[PDB]
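Alright, two takes on the same chain below, each alone as structure tokens: structure 1 and structure 2.
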Structure 1
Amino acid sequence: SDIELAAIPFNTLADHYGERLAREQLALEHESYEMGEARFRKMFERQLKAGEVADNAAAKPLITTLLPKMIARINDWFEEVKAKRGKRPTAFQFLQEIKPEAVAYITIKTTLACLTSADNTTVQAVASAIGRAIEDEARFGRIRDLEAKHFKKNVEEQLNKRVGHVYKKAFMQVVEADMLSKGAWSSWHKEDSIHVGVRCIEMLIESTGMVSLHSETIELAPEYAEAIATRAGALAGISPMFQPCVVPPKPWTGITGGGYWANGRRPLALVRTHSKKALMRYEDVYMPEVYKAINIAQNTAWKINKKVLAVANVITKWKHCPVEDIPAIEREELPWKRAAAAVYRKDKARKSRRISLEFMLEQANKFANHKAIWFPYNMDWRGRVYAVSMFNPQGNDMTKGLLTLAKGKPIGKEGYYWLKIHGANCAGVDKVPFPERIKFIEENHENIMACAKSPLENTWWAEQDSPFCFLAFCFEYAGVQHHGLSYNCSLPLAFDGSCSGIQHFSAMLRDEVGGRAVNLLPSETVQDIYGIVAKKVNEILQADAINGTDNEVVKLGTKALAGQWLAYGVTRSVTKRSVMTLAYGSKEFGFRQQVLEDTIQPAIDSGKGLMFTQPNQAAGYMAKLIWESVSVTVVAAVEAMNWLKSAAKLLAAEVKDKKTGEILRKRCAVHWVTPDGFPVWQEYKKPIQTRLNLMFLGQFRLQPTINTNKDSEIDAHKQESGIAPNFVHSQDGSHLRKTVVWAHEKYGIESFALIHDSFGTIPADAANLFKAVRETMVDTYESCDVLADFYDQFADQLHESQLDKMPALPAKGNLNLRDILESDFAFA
């Protein structure tokens, strides 16, 4: 903790926590590096052990160093073969069919995809591959033109959507069948390929230096191999599989080096900037209140919940797990193919959803028994707080259920009450006033005690929404029964804001209309903006049901389209995403994809949607009802969004003198400071090396031709589409930080379970976390005009030169912010 104690790690740790743990920490931090390095190797090996080195980061810096030098030979060759007054070296014509440097990549990316694939490879081998590779790309690739504007025809849906070595060529080979423009292709036989490759390989040794020698055999040079290899070693040690700490995290006292104690070559950064320049920007920023939050949060002690671990260890192995959606051990034995071949899709998810489950579970068992564990914390560039280790209090239900707070306290009267509210919430009974939630729990007393007594026999808990967190609650609840209000409880009891995006919008705009929808006002009943939008959608569907157009040709009209959804079960869930993203910039076309993928696509997979006859239409239709319904509800917000977008737009713009063509104001990055003093710099940038996508072999970049470069170029588009969510998210993250500091400094709360818009503590402190999250909400927006502050941030610094078509600050509303203090259902 001492600014001086930021010396030799082991000494400071032991001095504070004893040599034993001091060792465990460092041993642990070191293991994370080791594990990370392994994970890299395994991959980097399976990469070359399957001819695909060029892809790996390790070879990228080599490729870029040579890829360009090829034209300095390839083309330097053509404009030289043209000097000969006779026949052309055969290769000439059999390489002019595609982009030069595109060949060079297909060349190198293949000369190595063999020099690292097999152990005994010669010129015939390479050439028979290079030339072989020059084709395909020459074939299915020369279709770049005389097909453009029609290639992106999405007739291939994300073209080679399903990745695959030969797959990209499989589900795209007989697809070549279609006559389309012209047609027919005279295969390069099987005697030109070698020749094609031979010159490639020769003008490779002629340009680069890779392929060296003393029929012969090809071998990667000594310095170009020891390079990719060095690059690896010097790359495997930077993606550690960070793990929790067995001692409190190293407090942050600067933009880097907090969290973990071992002082390494690559310490941890406070903000997750992509560029050192971004990070370096915080290098001197005064933000005491921000460091305070991150430190307070990360000093929260957690322990593994031995009982939840107990059931989770076994039950996740059960052939048929009683837990709703837990990835099962094995597959589903062969997918007719028909529409029931989606398995390749569903099992893909399962196997990956399963990987993390076993990792989370292994971490839990690895850390059971420890008196406590901690999670270092840092932030993304908007300032939201994230635990650094893969396993953390912000994970899924099972993860959250495996974790509980280490420092509990006698639960008490209030603690018990909130514990019951939490349990009701974990069960899903949460869109109802508190009295009805308590009743839910009390009138389920025996069920809860049962699941507590014998979880693997009384699995009523697995049936709930947050089964493991609910089970976690049953144990604690059963505990209160066996011991009374004196029971020491440390269960993190979660309070979550209801649609915080809109809440923040309503607060900063004082919008009472919106506020009401998102419980920013005291109310007997619990407002649910998604359910609201859902009702409106139903009035529509109901209306379109009896009288709303019919089918033409084949295209399902309304009425029949509405009936389908009516047949379904349009609920708050279907409208969620869209209501939440609207004010972020999600348009009707967004909704379509959302409804499609979020509720239709999946419903179909399990077979509970055998009444949609083409997800589309069903989706576009739903997307429209939601838009027209969500629009008549979220307005101030949309106004506020558009105001932000205008700001981003005018700052991203590049202003040129109407007459001289001179740049008057260079594109600018949107910048703002959150209420707790966290500065955010939004500056997306259009890629530097305009990459060329060569189907099959993959994609690669290249140093620009035009000497532009300079900074990198701001992405005016991204800058405008992100400003709304980035702004609001930084606003919630600030509220999160302010609440952590407030609850700690005003109520002495030490334990926090923070999940962005979710605030948690032990039952005994629940009541105070409850007022605190509300108090900070009010102090903030009653003390700051974030939009007007934002404006004072760009109005001057970067602007004018004609730019003054800046819409006016949205009109404030009549929402009395202090009412939030008396709102039962606001939570956040």
Structure 2
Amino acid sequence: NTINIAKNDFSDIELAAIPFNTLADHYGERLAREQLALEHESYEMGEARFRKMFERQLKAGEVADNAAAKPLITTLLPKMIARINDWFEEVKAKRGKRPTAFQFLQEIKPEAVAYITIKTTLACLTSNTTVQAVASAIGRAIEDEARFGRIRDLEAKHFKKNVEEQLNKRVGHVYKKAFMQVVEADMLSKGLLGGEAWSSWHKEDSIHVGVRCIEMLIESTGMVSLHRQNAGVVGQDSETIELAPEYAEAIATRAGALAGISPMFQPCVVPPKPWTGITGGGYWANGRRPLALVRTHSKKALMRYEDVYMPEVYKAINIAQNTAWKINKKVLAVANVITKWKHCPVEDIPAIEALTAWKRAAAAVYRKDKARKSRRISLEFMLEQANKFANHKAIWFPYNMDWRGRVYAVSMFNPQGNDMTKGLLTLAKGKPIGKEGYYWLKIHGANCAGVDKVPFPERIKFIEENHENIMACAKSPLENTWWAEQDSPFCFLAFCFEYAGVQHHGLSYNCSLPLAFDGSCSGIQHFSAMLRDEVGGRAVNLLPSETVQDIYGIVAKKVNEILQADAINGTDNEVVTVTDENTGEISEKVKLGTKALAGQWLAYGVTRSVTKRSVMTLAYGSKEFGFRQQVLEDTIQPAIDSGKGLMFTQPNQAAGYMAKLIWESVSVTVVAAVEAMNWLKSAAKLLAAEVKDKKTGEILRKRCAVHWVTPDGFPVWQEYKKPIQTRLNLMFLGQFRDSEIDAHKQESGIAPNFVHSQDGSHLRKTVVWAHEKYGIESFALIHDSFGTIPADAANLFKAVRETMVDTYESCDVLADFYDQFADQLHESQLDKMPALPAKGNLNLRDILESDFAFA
């Protein structure tokens, strides 16, 4: 039931003359044919991908989950619900005893029966056409939502949350229902569902409820026609159900239309098409899916950039596209061997509360089995793409941006991937390495091993002390597994081959390995530079420092100062009344004081591992509440499951105490970060407010989106939007039944999105400034990682600091942010707008002399 788009639509891509000539005028006809054939293959692979998924969803009875059937379902559902309703009054107004199926259909609300019927008849017809068997299919599906939705809807709307996540962790209808069977029995043992065990429907009841549902679908919609066979013959009287061909052609056309616009983007064998406008950049042919400069969730948001003059933004994207890459054949030769022997090549190298705790161990193996299969899937695809382009002289990647302006490569195989993917990709246009390039090659090799918390001379000494090990790895990587045991193994191996090249050829050796420089904590770095935070900036190495500054260990050091103070002074333990709000029981337990809680943590030993997740999620918006879950999940629970954690008698009390100390430490260490996110959150709060006079009720000021402009000239609009109603069932997944600004997501998004737009602007300005003031042509970019060939590494090191000093010396981005929305504020809320946070004593020009900023 599908139409091959490929025969005509995909043929136009190679045939059309205006795309061919514009490509051939730059790189000739031979490369033009190769590039168009590659893009043609990408669309063909994408069509094949959709069709395999469509047929697998066809075979599994999940055809309503496919995107080609959703536009159908959304116009048939309101008619079904109106007819599902309208029956109920007719039988209630018709005297006499009710039909067999009337009472069952009241146990499930009209919306849920409308979807359950449509999905199950679509499943039964596509994947026996008798009305009896399709009636029982709905009948067993209605009863499942009736019996087990009882748990969700009424008795445990608070306690469902403690089984909702573990229900979602199960995959498969059988596993999900079996878990719900255990949940229902556990609840009844506590008298939670009213003590009423379900009386399962008889098979006679299940067929009769279905034929009521099929008949009501024919009345409301024309999706399905009824057909009788051998009418009047007692033995062979049957009714066969049929999907209406006019609606089958609707999903067929939509399946073909969607199959054309889902290509598998690949690297380019010619340089990518320079961006001159909103669309059509990157790849060279026109396409069923043309590339967009900004990845927006709506076509209206992309059209906002049409006449936006942002020349520096366009130059930055086009320069990055022009960077020539090639597959690292030496690394690829190694990876082609060890992936045949291990599922993950660097995974396991040989080297020298009982119910509720071991339930988590069982869930750990279940999660690990998912993780092992997931990691292997991506590994085999990356290796296939790397081998496909291995013998090419150079390959290129097109680039675009997310709606905040961060720069992303477009192809699935691209240098922004994991350690193996980065290890398989090297720059194509190298230069003689020289003395300076060799020095930075060793620094880059030291960072791949994980020796990055020590000053530069110690990184050099680590490489020079391990000179024998590095040369042994380059000469025979399969015979010496030392490279595989490092923090970034394949990138370390890539350094090993280049290091051996300098030994075999001297400083004239042409090297093209990308040497990445990663900023410490980019979000905190930008916030500290915004408000001139001396203490906060020094913690993220903005300032020149003795050693590499480690904000994870600084917070841990501050945490341990409170722990030892709380171990001498501090509160004692106390008994306090507690009450479970569900059961209503009033009990009394021990509330551990800070003196006891500090002693437990001092026994455990609080290091940077305890604090690392909390500050890492600070820029994402986490705070003292979120830290409690992080500490419980990352530190306390792994300790208890491994025989440690004997000090933690009440883990939630230890977690909440730890979250209080981390939040006190982080909010005192990086002050300007905390103040800046608070100010932006308050800004979005007043913008997303629908202010109104309560007496009149009239809307005085409409809720407003948040809009600002980066120093590079890239504009960004934040308008999180929410749907008005959505329905989710238990065994079968959710489905839609206009949009308004989601004010909650506006508050939760504004601070991370603002700082991410700033680091995108900084990256783009770095790429431009490095390309024009110096002569750098090759760029490796992952959002805050700046890499180039070793001979240009020192200049990139200088350029990335010069741009960051330049913007914040010239732009008050928070004050510029204020100048945008201040006209949109209402009279009643300007008094409640907090003032801009005060700037500090940090001198921005010290960033130029900072060794470990890297950015």
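Numbering runs along the sequence of structure 1, starting at 1. We call the rigid core the largest set of C-alpha positions that still match within 1.5 Å between the two forms.
> Which one of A462, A653, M360, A560 is the only residue whose C-alpha moves by 2 Å or more between structures 1 and 2, after superposing on the core?
Comparing both forms, the shifted residue turns out to be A560.
> Taking the rigid core as the reference frame, tell me whether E223 has a CA displacement of 2 angstroms or more between structures 1 and 2.
Stays below the 2 Å threshold, so no.
> Would you tell me if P679 moves between structures 1 and 2 by 2 Å or more at its C-alpha, with the rigid core held superposed?
Stays below the 2 Å threshold, so no.
> Core-aligned, is the CA shift for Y344 between structures 1 and 2 2 angstroms or more?
Result for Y344: yes, a 2 Å-plus shift.
> Superpose on the rigid core and then read off how far the CA of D757 has moved between structures 1 and 2, in Å.
Comparing the two forms, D757 shifts 0.5 Å at C-alpha.
> Could you tell me how many Å the Cα atom of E202 shifts between structures 1 and 2 when the rigid core is held superposed?
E202 is displaced by 1.2 Å at its C-alpha.
> Rigid core superposed: how many angstrom does the CA of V634 shift between structures 1 and 2?
Value for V634 between structures 1 and 2: 2.1 Å of C-alpha shift.
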